[PDB]
Structure formats: C-alpha cells, structure tokens
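S.K.: let me give you the complex in parts, starting here:
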Amino acid sequence: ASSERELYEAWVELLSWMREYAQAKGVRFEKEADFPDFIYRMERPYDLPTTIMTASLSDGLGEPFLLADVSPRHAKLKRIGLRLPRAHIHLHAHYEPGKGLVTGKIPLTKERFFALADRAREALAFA
Amino acid sequence: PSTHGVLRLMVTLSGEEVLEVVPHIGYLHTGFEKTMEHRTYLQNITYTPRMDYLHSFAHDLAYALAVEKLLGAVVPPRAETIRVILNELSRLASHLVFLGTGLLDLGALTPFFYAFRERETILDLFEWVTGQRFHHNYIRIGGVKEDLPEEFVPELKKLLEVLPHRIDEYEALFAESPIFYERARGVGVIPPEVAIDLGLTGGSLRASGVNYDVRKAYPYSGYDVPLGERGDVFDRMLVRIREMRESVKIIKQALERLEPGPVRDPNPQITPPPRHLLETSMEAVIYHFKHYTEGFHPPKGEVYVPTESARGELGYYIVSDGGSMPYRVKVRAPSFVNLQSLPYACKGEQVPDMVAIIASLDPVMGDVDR
Amino acid sequence: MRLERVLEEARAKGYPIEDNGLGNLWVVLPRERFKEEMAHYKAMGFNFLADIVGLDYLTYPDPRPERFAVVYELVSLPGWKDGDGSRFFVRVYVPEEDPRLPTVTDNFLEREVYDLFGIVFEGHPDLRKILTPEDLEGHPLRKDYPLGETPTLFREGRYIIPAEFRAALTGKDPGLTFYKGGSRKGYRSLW
Amino acid sequence: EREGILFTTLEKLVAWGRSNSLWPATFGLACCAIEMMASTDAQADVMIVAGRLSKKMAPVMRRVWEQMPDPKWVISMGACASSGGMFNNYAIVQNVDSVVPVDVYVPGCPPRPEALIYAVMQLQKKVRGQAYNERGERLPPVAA
C-alpha cells in the first residue's frame, strides 16, 4: 500500500519533533536502535527514509521517559508507537489518508505530542 | 646412486641396470591428516583440495560424502548432478596432464600445445562457477556453495562440442605410433593387468575393479563404460586416454538431467539459513552467528566411503566425537599406495625407460606425502 | 557378497561386532588371536586390497579399552574371479606401554604398517623395514603431541594464537557456556 | 670512491643491466608448481620458491641456494612459501625467508600466472633500486 510509505514519512517527522523538543527543552534525545532490516540489508533494495527505528527522550541519568518506535518494513500490522516508561501508558499511531496521523480517531499533532512529551517529562524525569 | 626424479621425490637404486629401488618420500608432508583435527568440518573443505591438486574435486567430494552420511544430510537432486559434472570435469583436468607429460617424453609437441589449452579451458570453466582456478571451495556438506552462473552451461558446450573427437586423435597418436618402446617390462602384474594400475594397484590387483561402478557409492547411474585392459606400460598410458572418452559421455549424460531447484540441504542444523532473511530471521541470526563461529556437531561415530577412482580408489575415514572438529581424519590417498608397486614396476628393465615407468603410475606427491 | 557373511557368521562366537548406521561394519579382534585369525582371513583371502588407519583414543569423550587402536580394511576385489565386493574393517586395540602388533605384510600393506610407526607409535614387530615417510623426531599424530603452530602476525603488535582463538569445540570441551551441551552434543537427521 | 657520481652512475648502470639478465630458476613443490608453469609461454640466479616447503625439504632448498652465484634473488610464490600458508604445523616451514632471504613475496594460492609475472617485475624494479617501497625507505637490491 501507499499507506506504508506515508507511515514512515510520518515516523521521520515524529522523530524530527523529538529532536526539536530535546534541544529546545534541554533534555537529551537519543537514537536507541536502527532497523536490523537495514543493518543486515546487503546488496538488496531499500528506499525507506531513515535507518532509525527506536528513539527516545531520556532524563539526566538516562532513564527514558518517552519511547517512540515504528515497525520495520518487513513486519505486519504496521504502526508507530509511543510508550511512557514506568507508567503503564502505550500509544499506537496509525496512518489515514486525508485525516493523517491518528491515535484512533484523534489526530497526533506536533502540539499534542509536545504536550504529551511535556507531561511525561514533568512527572517521570528522575534528574 | 641417490636421485631426485622430476616430481619432488627421492629414489635410491643400487642397480647397475635395475635392482632394488628404495623410494624416500615425505618431501611434501604437510600434516593435513593432523591439522584438520583442528578445524571446522566446513573449514576442512578448503583443506581437501590441496592434496591431489589436479583432480581436487575427488577429495572435496569423498570428504563431503563421509560427513554427509555421518550426519544424515541429503543432497538435492540438482546438486548431485553438479557434483559429478564438476567431479568428472576435473577428472579430465587430471588426465589432461598425465597425457601431457606422456606427449613430451614422446615428442608430439604440436599436440601438447593443445592438451594444455583444453586444460586451461576446463579451468576457465571453474573460475566461472567457483571463482578459483583450483581448490575451488564449492562442494558444501549439504550440496554446493551456490548455484552456477548462466554462463557456465553454454561455455561447457563449446568444450563439449570439440573433445568428443579430440580424444581419438590422442589415441590415434599413442596407439598406431611407431614409438613402440612403450611395451616396457613395467608389468604392474603382482596378480594381473593394467586395468588396476589404472585404478589402485595396492598389491593384489584386478581388471575391472572400479570402485565407482562396484561399491557404487554416490551418484552413478551411467551406462559409463570402464576402460580396463591387459599389457602394462603401453596401456597405463592408453587406458587413461580411454577413461577420458566416456568420462565426457558422463558430463553430457548428467548435463541432461539438470533441472533447476535447490542446491543444498535446507536442514537448519546442517546448513546456514538463507542469508536473505537475517533482516527478520527468528534469530536464524543465532543460527547463522553460531553456524559460522562454532560449526555443527555430527554424532559420535566412525565412517568412511571409497570414492570415485579419481586416479585411484580414495576415501576419508573421519571420526566424529560430537564436536565441531573431527576427532581424527585419515585420507586413503591412492598414489601413496600405488607407489609401492613402483619398486617392482620398474624392477627389471633399462634405466632410460625408468622415467615413463613412473609417470605411468601417475603419482601425485601432494597426494602421497599428504 | 557371501564371503562377508561367512565372516561374521563364525566370528559371531567370541568377537564383538561394531556396526554404524552407514554401510561401514567392522569386527574387533583381541590381541592374541589376531595374527592367526587375520591370517585366517586369507581364507578365500579377501584379495587383501587392505587399507589401514591408526587411531589414538586418548582425549576422546567416551573411554575405550586401550589408548591406541588400529583398523584394517580387507576386501575381495570385484573385477577378479571370486570378487563379489565383500568389504569390511577389523580393529585391534593396542596397550599404551606395550605398543606392538604383528605385521600383516603376509602387493601388501608395506607402507601402512610403516605409516603408523611413522606418525603414531605403533611399532609392529615383524617387518621388512620400518622406513619413515615423515621426517625425524618424536611421533606427531598422537593427541599429546603439539600441533606446533605459530601465532599469525599483524601490525601494531596484535597476534592471534589459534589455540586460544578457535571458536570450534573438541567433543571433550565443555563449551563456552558453563558446563553444557544439547542437540549440539552430536546430531544426525532422522531417517 | 663509493658514493661519487662516477662509481654511482656505474653500479646503477650495471644494475639496470643485471636487471634484464635475470634467469628464473623455478624450484616448485606442490600445487603452486603447476600454476607457475603457465608462465612458461615461449648458470642460474633468481630462484623462485613455489609451494609448501616441507621441513625435510628445507635443508635441500638451502644447499641449492648456497650453490648459486652471489648476485641472486628469491621470490616466494604464494602462501605456503611466503607465510606458513594455511598450514601452521610441525610439517611445514613458517616462512621460506627463514632459510633463504626473500626479495619479493607474492600473495597467491595459487596466484594467477600473471600474479607471478608482476612479481618478477617488482623484483626487476628492485634489483635496479628504482624501487624502494614501504615506510618511505630505500630498498637494497639484494638479500644479504
């Protein structure tokens, strides 16, 4: 589907946000892991945006308080997710033509994200 | 009178015309038999071709066969094939040389200029599929490393279109030729004829004891005509030129039953996961990662299998001990035994003739000194 | 292949028979009755295309009778007259401090009988000449003789002693994980 | 005197000469022995070692070297000769240079014939001295 294309195109954006928010709020952003789907890619194809698959916003000591990750190009039931460590909170973002990136029926806007990252950083930050 | 032949071996012959000949070998002893006791069953494959280095593939095979059976692997239909096309294509390679050295001592230089062309043509074929002139690391336990390229078949056709006849011309040269001092007293007749000096004169001998016809062990269904005859030093030469004949009818024959498919046993505990999926693989990544670091482990036991009469009966006697490296590997190594015949072989005849008397046994030092 | 049958047939009285899944069956003979028995195998004397190997069981996972052992391979050449293919091995375990074993040179296995004294210990008694197709000092094939290897060398003082670098495992070695072996303690495919 | 333009331009003129009066005297052993024969498409100096130098063979190659005219060379054909090959064992010598000084090592196994050619070319370009090569150092023409 062309839907897959967009998802990743979105994941790249979502990431951009995390970086924006980290450098902006003085909190450390870190690439946690790249796609094995790529590390072990060999003379095979790959036209996907980034190699980055799991990012995060960690505090002073490091412990993450926001985890973002998209599913590899070879998985099924693709989705990009958000997870708040320590506090049972998981978010699944899907892509929809027109309406865009939603977490069900509600859109996931830059604003919303930040607000989420914010609240999360506020409460879970150990340092 | 100590002398160094013209093939890295020492022979002492007190005789004033021909008496006891005491051959002293070990000049190319490389310890194979032991060093392999310190390598992966997979690593060993690179060691097998460095003993006969002419018809290497014979070893490659003979070794695989031992292991394959040992751990019950099963070779794909399209592999078995490659493994004979390949094997016999090398058999030719080995003989193209024996016939080569037979041409010079004789005189035919124009023909010799061809033989070592047909050869380079066969070798080219190898570099085509295995990427190496020789010691091709191609035979794999489950079958073979990787499928052969699109350019292998056609080229094999260009060489398979000329040789059909270009063998008779080599027969029409050593047979009907006036240089008859070939009927030398070299009578590898401990018990009989040449048909065995063609195979494995181990002492007691035979006439049609081709270990790959009787004790047929690997792919064989070939109606493959063994060339065993009488006489003794004239034939040793003629005979092998004979073997080349149908050895090609084998290549053709097997080139027919070449339908596409799998080239090596998929059984995961024996073979690596198609390197195509490490980007997902269960943790076949685990398999791959393990498969190449510490190898597979064939069951505790002891096996051996007489392989094709690649210049003589051959076979590996591997002793698995449930490890990643064989406990002990003994190579039969034909020449090493064929060389026991030589003392007698040239027992009572003129020294000048004692050259072809040896070359008539087609011994390969790397094979004997192993 | 009759001959082969008749072999075990009678030898099914006091001699042990070791058979492996693959067509490689063979019989063990005690020390004594080997000379004469091995000779008896000259009964329709397997043409004697005999080939042989010298095994050293020291450092083997499962223990065996005596450290060194020898195998022979008597066969009735098929292209002759009474050749049907009857092929089989035969072994004899040999004492560590008493490495002896009557020759069989009675065209033959000249070299073999030698080879062994050569590389391993062996040291057969009767024998034309115990020539040596190796080199000079000691015995190598024996498991307690260093393979004698030099570390491969690289630039900045980095060297790789193979012995310690090997990842592969020797049946007796416990592996890198505590004390363990599983379906990697050996493995034969079903059927 | 030695380093004068006179004596210099002389020996340098001589070396360029002896550069082409090189007489390949192959001393092959195993598999290499055969792949080096495909370069034969038509006293002795410059002996080429092509193969596994067994230790029993060792002393012999020596005596065959000693018995050469001082202005000689040594090229090691492929692994076995060069490095201990893929055979680290009691059986083989670890580096032919352990007996006869080597001037050019050639990395094959077996190296394409052409490999061997380019090999002597380097020997060639060395006997001249027009080829000092690694650390940026001037290379002697002989071995000893």
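M.R.: Perfect, thanks for sending it. Numbering: from 1, shown residues only, chains lettered A, B, ... in the order given.
S.K.: can we go C-alpha only for contacts and neighbour counts from here?
M.R.: OK.
S.K.: number of nearby residues for the closest residue to residue B:272 other than its chain neighbours?
M.R.: Once flanking residues are discounted, residue B:272 sits nearest to residue B:288: 5.6 Å by C-alpha to C-alpha, 6 or more residues apart in numbering or on different chains. A total of 19 residues lie near residue B:288 under the criterion other C-alpha atoms under 10 Å in any protein chain shown.
S.K.: how close does residue B:288 get to chain C?
M.R.: For residue B:288, the distance to chain C (C-alpha to the nearest C-alpha, to the nearest Å) stands at 14 Å.
S.K.: which SSE is that residue in?
M.R.: helix B:284-293 (DSSP states H and E).
S.K.: tell me which residues of that helix come out buried.
M.R.: By 16 or more other C-alpha atoms under 10 Å in any protein chain shown, the buried positions in helix B:284-293 come out as B:284-285, B:287-288, B:291-292.
S.K.: can you give the contact residues for it?
M.R.: Residues outside helix B:284-293 that contact it (C-alpha atoms under 8 Å, 6 or more residues apart in numbering or on different chains): B:268, B:271-273, B:275, B:278, C:167-168.
S.K.: check contacts around residue B:136.
M.R.: Per C-alpha under 8 Å, 6+ apart, neighbours of residue B:136: B:46, B:49, B:126, B:130.
S.K.: wait, is it part of a helix?
M.R.: No - read with DSSP: H, G, I helix; E, B strand; the rest coil, residue B:136 is coil and lies in no helix.
S.K.: got the phi/psi numbers for it?
M.R.: Torsion angles at residue B:136 (phi, psi; degrees, to the nearest 10) stand at phi -40, psi 120.
S.K.: quick check: it vs residue B:89, distance?
M.R.: Going from residue B:136 to residue B:89 by C-alpha to C-alpha, to the nearest Å gives 13 Å.
S.K.: show me what the helix or strand where residue B:124 lies is packed against.
M.R.: In this assignment (DSSP H and E), residue B:124 forms part of helix B:109-129. Helices and strands touching helix B:109-129, as assessed by 3 or more C-alpha pairs under 8 Å, 6 or more residues apart in numbering or on different chains; DSSP states H and E, comprise helix B:77-106, helix B:152-159.
S.K.: add chain E to what we have:
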Amino acid sequence: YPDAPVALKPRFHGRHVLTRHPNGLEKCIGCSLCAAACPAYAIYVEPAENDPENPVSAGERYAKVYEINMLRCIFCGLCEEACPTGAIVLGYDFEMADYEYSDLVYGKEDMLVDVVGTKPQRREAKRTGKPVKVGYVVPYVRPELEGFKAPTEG
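M.R.: Let me add chain E to what's already shown:
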C-alpha cells in the same frame, strides 16, 4: 601479456574490499565473524562504539581496526561468506606482490571500495605521479561488489 590486461571472470577471488551502503555508511559493524571463519587466521579485528554524531556504521558498533595478513590468506571465500552484512567481499585486484613481510597486511584504509589500486600499486604510483593502470578486466562488476570501480569494459 603484461601490456594487454587480463580478462578474469567476475566472481574471481581477489583483493578483499569493504563495501558501503548508498547512505555512505560502512556496511561492516565490527563483528569478528569473518575473522572466526578464516581457516588460516589471517584476520584481526578490533571494534569500537559508533559516535552517536558523525557515525561510521549503521549499528552501535563499527570496526575500529580491520586487518588481513594477505600472506597467510588463502583466498577462500569463507569470510565473505560468513559476513552477515555483505561488507567484506572479494575484489578483483591480484597484482600485489611486495617486498617487506609486514607490509602485506592490508588495513581498512587499504581495502574500502573508494580505494583503487593495491598497496604496492598505489605506492610506486605515488612518486610516479602517474595513475594506476590495473592489469585486469571483467565482463561486469559482481552484484555483491556494487560500488567497486574497475575496467568494466569487459
């Protein structure tokens, strides 16, 4: 024929080459496997931690030091085989005989695909001030060696 280039078949076992992805990363992630599968023990490898900013390889690990003792090498694909990334592949070069032992151990800089000749070829060609004319030619570059420059004319 040292004037008329050698035409060897693609797939020919030649000087090792380390490949990169189009992104520009080194495919190789410092995993001493190739080294492990080597039968002559001709490979020594030291790994390092990828610098989050200005990376080398994709993963969190890259090869700080990657050396192959070209003399001990037997040119037996096994390594290229064992690699789980397709980094190390077998080049075409072969004109590489040299003088000093220790100078036959190629390093990383001596093997990337951005390179051209061989240690000895580029060397003389350094003072020569004249480019490297490689003595070979292939029908085409192998798929695996994608990125390797060579006389493809074939």
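S.K.: let's see the neighbour count of residue B:288 again after adding chain E.
M.R.: 22.
S.K.: ok, residue B:171 next?
M.R.: Residue B:171: 17 neighbours (other C-alpha under 10 Å).
S.K.: state the distance from it to chain C.
M.R.: Noted for residue B:171: a distance of 25 Å to chain C, by C-alpha to the nearest C-alpha.
S.K.: so how many other residues sit close to residue 81?
M.R.: Here I'm looking at chain A. 18.
S.K.: let's do chain E instead
M.R.: Neighbourhood size, residue E:81 [other C-alpha under 10 Å]: 19.
S.K.: make sure it is indeed in a helix.
M.R.: Yes - read with three-state DSSP, residue E:81 is one of the residues of a helix.
S.K.: and the nearest residue to it once chain neighbours are set aside, how many residues sit next to it?
M.R.: The spatial neighbour of residue E:81 that comes closest, neighbours along the chain excluded (C-alpha to C-alpha, 6+ apart), is residue E:34 at 7.7 Å. Using other C-alpha under 10 Å, residue E:34 is surrounded by 25 other residues.
S.K.: coming back round to it: other residues contacting the helix holding residue B:124?
M.R.: Residues outside helix B:109-129 that contact it (C-alpha under 8 Å, 6+ apart): B:89-90, B:93, B:96-97, B:99-100, B:103-104, B:132-134, B:136, B:148-149, B:151-152, B:155-156, B:159, E:9-12.
S.K.: pull out the buried residues from that helix.
M.R.: Buried residues in helix B:109-129 (16+ other C-alpha under 10 Å): B:112, B:115-116, B:118-129.
S.K.: got the contact list for the residue in chain B sticking out farthest from the centre?
M.R.: What lies farthest from the middle of chain B is residue B:280; by C-alpha atoms, centre = their mean that is 41.4 Å. Each residue near residue B:280 by C-alpha under 8 Å, 6+ apart is listed here: A:36-37, A:74.
S.K.: tell me which parts of the stretch 151-300 of chain B are close to chain A?
M.R.: When proximity is defined as C-alpha under 8 Å from any C-alpha of the partner chain, the stretch 151-300 of chain B approaches chain A at B:278-280.
S.K.: put this one in as chain F:
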Amino acid sequence: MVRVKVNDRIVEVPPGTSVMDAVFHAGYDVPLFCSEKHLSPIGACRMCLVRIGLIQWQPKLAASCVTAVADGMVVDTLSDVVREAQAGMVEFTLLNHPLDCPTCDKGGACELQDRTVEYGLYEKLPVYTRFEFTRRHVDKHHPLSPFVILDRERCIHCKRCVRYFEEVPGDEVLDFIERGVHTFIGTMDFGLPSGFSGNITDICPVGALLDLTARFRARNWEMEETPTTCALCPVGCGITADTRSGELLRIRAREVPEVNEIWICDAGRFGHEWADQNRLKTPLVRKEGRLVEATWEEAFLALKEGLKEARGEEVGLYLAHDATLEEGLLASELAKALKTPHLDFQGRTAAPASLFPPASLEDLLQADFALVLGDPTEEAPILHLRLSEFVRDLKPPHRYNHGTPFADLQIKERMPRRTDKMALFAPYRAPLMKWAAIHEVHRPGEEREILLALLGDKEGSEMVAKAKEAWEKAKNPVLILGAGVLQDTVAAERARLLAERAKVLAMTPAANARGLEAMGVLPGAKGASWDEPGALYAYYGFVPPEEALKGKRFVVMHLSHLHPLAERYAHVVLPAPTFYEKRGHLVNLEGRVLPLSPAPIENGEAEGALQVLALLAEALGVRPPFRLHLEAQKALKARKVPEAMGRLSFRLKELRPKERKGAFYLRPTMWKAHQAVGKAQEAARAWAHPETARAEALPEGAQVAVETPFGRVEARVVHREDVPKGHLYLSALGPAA
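M.R.: Just below you will find chain F, in place on the chains above:
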C-alpha cells in the same frame, strides 16, 4: 539415597535432589535458563520441562528445576512430545528478541543462543520463524553503574539478577517494573550501591547486564583465557583473566566451591584498569641526579657498585603484600644467609595471623554463631556473601557428577534471615550489621575493652554482654576479626578467647600474609619493619611511607609502576609484574594454598622478584637455590607445604607490639588506591558515628587534602581515612589547607 531412572540410565542420588540435577547427574540435558548455581530454583522460563511417571505418566510436563525426585521415578527427556515442547518454549523466548548477535557483546558465550541452536527448531521449506509482528522495542544500552554494568533492557525474563541481589549481597537494587509483555528491569538506587554488583554480569544468560569495564573490546572466543587467583585481599577468590594482544580486557569469576564460591567483589572484578595501562618497562637508574633507563646488565653493575662499600651490614628486605610463597621463601633464606637482617611484608600485622588457627569457609557455614569485629564487607568482601548463606542456615550442597547443583531445592526465593546468629563490632554502622541483632559501633583502636569483657574479666556495653552470653551458649562458633589485629594489646586476648572455646578468620590487610608468615618473612627481634625505617641498604617491593626512604643510603625499589616517591628517593628501580602476570603460589586467609598463573599481559617483560632478589643477592654474596620456578618448588615441597588446594597448618606464638596513637583512622576498604583509573576513577579516591565533630572547616562533600605518614591524598566528607592495601592503624593528623 533415592534411585531414579532418567532415560535408560539409572542413578543413586540423595533424597532432596532436583529432577534437573538428577538429569544432569545421569549425564543428560535440558534447557537451563532461569535456574542458576547458588540461586533459588523457581518456575519461570518453562524450559527444563520433562515428563515424569511412576508406570504412570504424569498428566502434564514438570519443571525439572523445581521438581523434587522420588524413589523409583522415571524422567524421560527425549520423547517426541518433550522436544516439541522445548522447541516451543524457545520459540517463545525468542519471539520478542531483537537480532543483535553479530553486534551483541555476548558473543558465542550466550545461553539463549546455545539453547536455541541446541533444542531450537523442531521438525518431524524449513520455517525459521513464524512470528511476523512488531517486536518489543524499549531502552537499549543505558549504563547502570557509570562504572560497569551496561544493560539492554531487551532480555528474556529470568530472574537470576534481581533474585541474586536479594539473596547474595542482600542489597536489592534491581527489580521488574510494570507487568506483562511490558515488564522490564529498571532501578531506583542509581549507582548500584552494593559491592558484588559485578556478578550479575556473569550470571545474566544474555546481552542486557553486561560488563562495561570491557564493552566492545573483543569477541568472547577471541579472548585468551588465563585462570588464576585474585590477590587483592586474603580470600583469594578464583578468576579468569581475559587478555588479547598483550592487554588486559576483562575479569570473570572462576567457580571454586571450596573458597570463593563463584562470586567476585567489584573491586577485584573491575579493578584491573591499572595493569592494563601506564606501567614501567625498563629499569631506571639514578645517574646525573636524575632517573634514566638502563639495561638489566647495567642496572646490575650500578647495583653491585652501590653495595660495595658496605657488605652484609644490616641489609633490609621488604616484600609487597601480594608476594608469592616462593618470593617469600627466597627473601627469607637470603636474609638467613645474610646474617644481618630484618625483613617484612608490605603490611605485616603487629599480631601474626598465624596466632589464630585457620578457619574454613566450609566450616563457617556449619558454625553455630559468628562474633565479628571488623566490617567484613571491606576486609574480606566475600566473607559477606558467605555469611549471606550463613544467616540463611544453608549448608554445603551435595556434589553430583557435575559438581555444584543447578537447582538446589534447599534454596527458597526470599528466605528469612536469622539476626541471632551473628554479632558485629566495628567503628561504624557496618553493612553486615543489618543481619546482626547483637551489633555495636565503637571507637577506633578500642577493640580490647570489648574482647576483655568478652573474656569475662570486666564490664562492658549491654551488647558486648549479649555477645558474651551469646558466645557462651554457642557450641562450635567462629571468630572473625581483621582490623584490630594490629593492636596486639587486643589480639593477645583475641587468642586467649578462642583457646578457651574454636577456629578464626583473620581478615589481614595484606593478602597471602598467612603465607609469608609461614615463610618467616618477619623482622623477629631487633630491626626495622616495613613502615618502620632505620636499616640501611634496602629492597622495597612496594612504596613504603616517605619517612622510610629518608635517611637510607642506598635503595632499590622493585615497583611495577612509577610512584613519585621512587623518582625522588630511590637509587635503582626495577620493573616488576602484577600478581596478574606472576607464576606462583598463595596462602589464603583460611590457610588454603591457592595457585597463581601468568597472563600474556604486556609488561616491559622485565623479570619478577624471584630473579631480582636472586640478582641483588649476587651483589651481596651467596646465591640461594632460587632462580627459577620449577626448581624453587622443590624448595617449598621441602618444608612439607600442602600443594594444590591444600590447607597448611602452622601456628606461631610471638608478637611485636608497636602500638600507635593519633586522631586519624585508616578505615579498611575494598578498593585499593592503585586502582583509581578508567571507570574505577571515582570508586577509589577517599558518616555520623565516631566522635571528632564536623566543625573543623570540613564542608559536606568538599574536596580536601590530607597528610599522614603514609602520604598525601585528597578526599571529601572523609569520615576517617579511605585507604589502600595493608593498613588500619591510627596515625598523625594533617588536613593541609
């Protein structure tokens, strides 16, 4: 004993045996994952499954690790059903893994891997994986100890680590967080406070929880394993030192049931940063009023020419604490031949450990009570872990065909600790005071009063009394003491105490001391000791207190590094080896003889002390029978010294009191000063118990300077003196401003 038929093999095995251990004893196998030697077997990780019966086949498979054996039991481990089972469990265990193997630092030494390749795939084309969904993605590579331990929160969920923590050290600093497919390993006590944190590295069957002290250095097989003994303290645990290309990469624990169990304190495990690096490789010699490299030949001449002015005139010999048993003997014999002597160890105790009869760890577990007088956690770290099991009423397991048991039902998860089995007395609220009901904090160098009371000759604090009443009720107890062994005044009665009862554990500040004492490397009568200078022309195998270098005419220091004091007071220096690279024997604090093997570490390949003593002996005259090892052995076998693992019995009733006074207390510690490098940087450099108030211009957590006879060093809030090897004395005050 019970009779259990495994498969086709029958076996006699004790009654409380674990089906698992039964199996492995019988000589079979089963996917081991959550269970671990010395830890409470638990059911998680349904791998060691098996089929049992009595014959009747139990309806469902059992956890071979938590299932007890029974007389006549049959345990099949190869039924088509069992494999299909194992096969599946692995599938699950792997289902959410990440694919880091090539990249992962767990190399071919990973348990998940072996079991995967082992029982892994089951077939009756091949399908490697059937799970095509998004794997679990969380936090990767976030170092718990800025020091070591870097974990990948992408592990299988065994419990080995949290389980370990609450059970061995008793410092629960890791647990699971949240639940279900989300549960992970987090913490809240950030620096991983306890010592003994390293062991989690060695136990974790996978990639999270890795030794960062050695991350990304080399792959597991590549390492060159060299087993030997850690000689940083008396317990002489057991280790294996991984080295590659002359450098030291990492340290691991080597299982040795008798002494060190399979644990290793962190100081010893991660305290290897130093040998790896900056070291002396060429003997330096003072020429032109400065130090300059030389050759052993040179050094020697310049050595003899410095002793040719005074021959046999009170020559001093002072070996380092980690001096081998031979090095000791040699030094001894040489001082005998050399009629004018007085030798010593880098930390010989005023009160010889040879006073108190060697007590074994084995014994300790079977003791009935433990009176302690010196924070074991810093003295002999592992004694803590042993007492851990002591307080749990645990007795040495039965050995099977495979040594120590995998599933010892004897150990329950979260067992209750007895506080009535131990009494602790030390100058501070010591850690092991937690498992002590009878526990009192006192003042530096005042341990006598306590023991005095304990003897029954005086009054004392309530606790000391409860201790007395305690020691009195105990049948076969053990006495543990270590610091106040330097106050003979006290040690004298410590002895008396035992006699009247009784073995002891002497936590000497110097390792192998018990061994050197057995060699007689003691000053004896007249003469000067290691920190007591006076003699002339000496050999120092370690840096003594500055006051000892001053005044002497000629001095040869056999240091292994370059301390300033050597480059300003020494006449000749000779590069020495670290215990990591010496060959030789050692005498444990339980009188056990532990070996020492050499590691291919890159030193300036400048000989050991065996050669040097022997050498410096040339300059003096005779040449004692010591030169090489193989020959020096007969020298030890001569005096009839137990060989390997043996226990050497050798008492000694003599003491040299040299009582000191001061306002500072060199508090004994785990870490040694010469370890402050790399990741050990902050865990080595130098809190409301003893009286000597705050108001002395000493702020909270402020970096100050301090001078004591043993030198100058900087610290912070320094309650007393954080220290190195061989010292627990009171000394001179001096917080230079």
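S.K.: please re-evaluate the neighbour count of residue B:288 in the presence of chain F.
M.R.: Neighbourhood size, residue B:288 [other C-alpha under 10 Å]: 25.
S.K.: any idea how far residue E:81 is from it?
M.R.: To residue E:81, residue B:288 is 11 Å away according to C-alpha to C-alpha.
S.K.: got it, and residue C:92?
M.R.: Distance from residue C:92 to residue E:81, by C-alpha to C-alpha: 43 Å.
S.K.: name the residues of chain D found near chain B, please.
M.R.: Going by C-alpha under 8 Å from any C-alpha, the residues of chain D near chain B are D:29-31, D:52-57, D:87-92, D:110, D:112.
S.K.: and the residue of chain E nearest chain B?
M.R.: The minimum distance from chain E to chain B, using C-alpha to the nearest C-alpha, falls at residue E:12 (4.2 Å).
S.K.: ok, residue B:292 to residue F:110 distance?
M.R.: Counting by C-alpha to C-alpha - residue B:292 and residue F:110 are separated by 15 Å.
S.K.: just residue E:82 next, same as before
M.R.: Distance, residue E:82 to residue F:110, by C-alpha to C-alpha: 19 Å.
S.K.: how about residue F:567?
M.R.: As judged by C-alpha to C-alpha, residue F:567 and residue F:110 stand 47 Å apart.
S.K.: quick one: which of those two has more around it?
M.R.: Shown here are residue F:567 and residue F:110; by other C-alpha under 10 Å, residue F:110 has more neighbours (21 against 18).
S.K.: next up, the contacts around the more buried one.
M.R.: C:177, F:205-207 are the contacts of residue F:110 under C-alpha under 8 Å, 6+ apart.
S.K.: just the buried ones from those residues, in PyMOL syntax?
M.R.: A single PyMOL command selects the buried members of those (16+ other C-alpha under 10 Å):
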select buried, chain F and resi 205+206+207
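S.K.: mind giving me a markdown table with the contacts of residue F:110 and columns for distance to residue B:220?
M.R.: What follows is the contacts of residue F:110, written out as a markdown table (distance: C-alpha to C-alpha, whole Å):
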| residue | distance to residue B:220 |
| --- | --- |
| C:177 | 45 |
| F:205 | 50 |
| F:206 | 49 |
| F:207 | 50 |
